[PDB]
Protein chains: 2
Amino acid sequence: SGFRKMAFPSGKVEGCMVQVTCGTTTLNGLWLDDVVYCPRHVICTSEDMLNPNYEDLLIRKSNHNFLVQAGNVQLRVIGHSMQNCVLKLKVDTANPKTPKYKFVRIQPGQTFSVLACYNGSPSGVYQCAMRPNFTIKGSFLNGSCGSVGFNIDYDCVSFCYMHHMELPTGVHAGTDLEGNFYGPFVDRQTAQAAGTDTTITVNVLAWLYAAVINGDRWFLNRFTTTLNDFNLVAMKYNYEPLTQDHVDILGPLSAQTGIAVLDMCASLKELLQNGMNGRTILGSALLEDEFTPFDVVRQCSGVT
Amino acid sequence: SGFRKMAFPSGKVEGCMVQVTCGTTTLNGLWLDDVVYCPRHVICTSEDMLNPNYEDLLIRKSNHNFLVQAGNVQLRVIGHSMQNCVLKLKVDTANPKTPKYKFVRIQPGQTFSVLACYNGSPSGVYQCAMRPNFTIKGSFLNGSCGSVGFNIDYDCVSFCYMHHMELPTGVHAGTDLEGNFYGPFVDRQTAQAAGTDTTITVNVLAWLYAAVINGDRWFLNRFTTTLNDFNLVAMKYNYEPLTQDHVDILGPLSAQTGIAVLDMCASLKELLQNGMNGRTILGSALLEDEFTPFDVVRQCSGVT
Ligand SMILES: CC(=O)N1CCN(CC(=O)Nc2cnccc2C)CC1
Ligand SMILES: CC(=O)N1CCN(CC(=O)Nc2cnccc2C)CC1
């Protein structure tokens, strides 16, 4: 028992972190096989930042300008290329610590762990969700670019995010490992609109199931609702509309607790309409949406 | 910017996790140099659990009864001994992945990361605080015993906790790495009183400084208070009394923000007396006490 905002063990990803320096800029790189991936803005200077011409800036750079260091060992760069907003630096040595891995583009509302790094050195690990508006609310300071987000399925690391920027609002934006930004963001120091965000309804329901499993039950009521009725409340409270696909993903949790998904929706409806009345659920005084139904099942069964 | 409940990178500790089986019971062990540490209750059976005579139960066991497996490799046990509530199994091979390490007994109110493990395999990592009453509110299922808590100072891992039990209240208890329980707990399946707990005042203040640094400032007011006055409020709201030692530890945060510690106390006093009024601080709707002043400084400066 107990429910915590748990991150994946970061060991397999720590073994891939390197430092990348180009000119005066230092950030993090991800060394997998004989390739180091890093944000392309490592080639920018302070003036360039406002509207960089990345193709022109990269043409001024040669393999020897990319200084890549894995702790104490220096890597020899034998190729460089830009793919979307990432640079791929081919090195002459395959990372001996390369885990089994995949590059995946996650969906908004899915969760992942972030290994925050500075100068190629890991500082901490935390779990977070890709917001419906494609931003993440992380903890990143200057030098954290190139830190990655990932999930782990037994021995396979699926990298889903590489950190690129902090928007003027203090929220974070980045790319998949092919350098495509999540959301409308660009790697420029410009004010950029993040879409209207919503709360991830399916995750809040999953977390209400985690609460019941772990003994927090005060919010269960004598009511039920329909998807239509619930979605009118979700609309008023800026929650994602619930679909049958979300109900289907909550199936295992519904089966385990014996609480029908629409009955849990009626509990969530009453919490949205009345608040928590100064009470808590799993140590939180708000409705948590950073746990997917998969996360809840995994934590509640002890998956390694 | 951004502030997250960050755990230490778990790689150095993942490399130490092993599985220990004695009879029908399997739990986790910590392999450091040529010693494997694990909870002594690995030698109990269902009947024994209520009041085990550990000295007698261990006398029935020989080195060959302790099956220790590090992933796929089997370790050869050449000695066994009980120290307080831990067993130390001497093995014939020093762990090649042994990091620089220390065994420390943490103080109540201090924080640490837990690497939750099942069958010697890491499942996740989360940060938590040792409650003032010496319990932890973790996420542990059957098989998680032997999972450890730790802090990391650059390359040195200070192990401070080994998980032993879940109290009937769903809270967790364990020992330091010398097998001494934190708090009054014993390794028996008996109802056990956990002391009256309090909120870690110095940590809530540290977290209010983290909030101001990261832009959440709505709670700052035109008031000040004294340690005496603040401590009358702390008393009413079951917060730890604030001392000059706590004020001194908040010094760096006070210097960085320019907000005197007693002025932050007056903000905390108003939040205790009036609540959050449906607002949030760093994504939380309650007063968070799981970040020490050290944690706040480290996260706000990017320490690796
Ligand atoms: C070079 C360029 O066009 N830019 C504009 C500056 N950015 C730098 C940037 O966003 N850093 C950063 C990331 N995360 C947290 C904190 C900070 C300070 C990179 C992309
Ligand atoms: C052998 C003995 O005297 N006991 C009594 C049983 N306990 C087992 C125990 O507390 N397990 C556990 C730990 N954490 C979360 C969930 C569970 C189920 C070990 C100590």
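Every chain is numbered from 1, with letters handed out A, B, ... down the list of sequences. We use all heavy atoms of the structure for the numbers below, so side chains are in, but hydrogens, waters and symmetry mates are not.
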S.K.: Side-chain donor-acceptor pair under 3.5 Å between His164(A) and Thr175(A), yes or no?
M.R.: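 A donor-acceptor contact under 3.5 Å links the two side chains.
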
S.K.: Select one option (side chain, backbone, both, neither) describing which atoms of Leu115(A) are under 4.5 Å from chain B's heavy atoms.
M.R.: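 Answer is side chain: those atoms of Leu115(A) sit under 4.5 Å from chain B.
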
S.K.: Tell me, out of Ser139(A), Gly278(A), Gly215(A), who's got the most heavy-atom pairs with chain B below 4.5 Å.
M.R.: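 Result: the option with the highest number of such pairs is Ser139(A).
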
S.K.: Can you tell me which portion of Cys128(B) sits under 4.5 Å from chain A's heavy atoms? Options are side chain, backbone, both or neither.
M.R.: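 For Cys128(B), backbone and side chain are both near chain A.
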
S.K.: Hey, which of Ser121(B), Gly11(B), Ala7(B) has the most heavy atom pairs under 4.5 Å with chain A?
M.R.: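 The residue among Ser121(B), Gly11(B), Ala7(B) with the greatest pair count is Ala7(B).
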
S.K.: Please check this pair: side chain of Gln299(B) against backbone of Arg4(B), looking for a donor-acceptor N/O pair closer than 3.5 Å.
M.R.: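 Yes.
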
S.K.: Closer than 4.0 angstrom, basic N to acidic O: yes or no for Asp289(A) and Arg131(A)?
M.R.: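 Result for this pair is yes, salt bridge flagged.
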
S.K.: Would you say the side-chain atoms of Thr26(B) and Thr21(B) include a donor-acceptor pair closer than 3.5 Å?
M.R.: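 Yes, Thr21(B) and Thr26(B) have a side-chain donor paired with an acceptor closer than 3.5 Å.
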
S.K.: Any cation-pi pair here, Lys5(B) with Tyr126(A), using under 6.0 Å and within 45°?
M.R.: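 No - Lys5(B) does not lie over the ring of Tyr126(A) by the 6.0 Å and 45° rule.
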
S.K.: Just checking, any donor-acceptor pair under 3.5 angstrom between side chains of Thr135(A) and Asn133(A)?
M.R.: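 Yes, side-chain donor-acceptor contact under 3.5 Å.
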
S.K.: Which of the residues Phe3(B), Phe8(B), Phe140(B) is involved in the greatest number of heavy-atom pairs with chain A at under 4.5 angstrom?
M.R.: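 Maximum pair count with chain A is reached by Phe140(B).
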
S.K.: Among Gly138(A), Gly275(A), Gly170(A), which residue forms the greatest number of heavy-atom pairs with chain B at distances under 4.5 Å?
M.R.: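 Of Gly138(A), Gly275(A), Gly170(A), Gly138(A) has the most heavy-atom pairs under 4.5 Å with chain B.
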
S.K.: So which part of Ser301(B) gets closer than 4.5 Å to some heavy atom of chain A, the side chain, the backbone, both or neither?
M.R.: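 It is the backbone, since no side chain atom gets that close.
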
S.K.: Given a strict heavy-atom distance threshold of 4.5 Å, which part of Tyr118(B) is in contact with chain A: side chain, backbone, both, or neither?
M.R.: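 The answer is both parts of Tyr118(B).
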
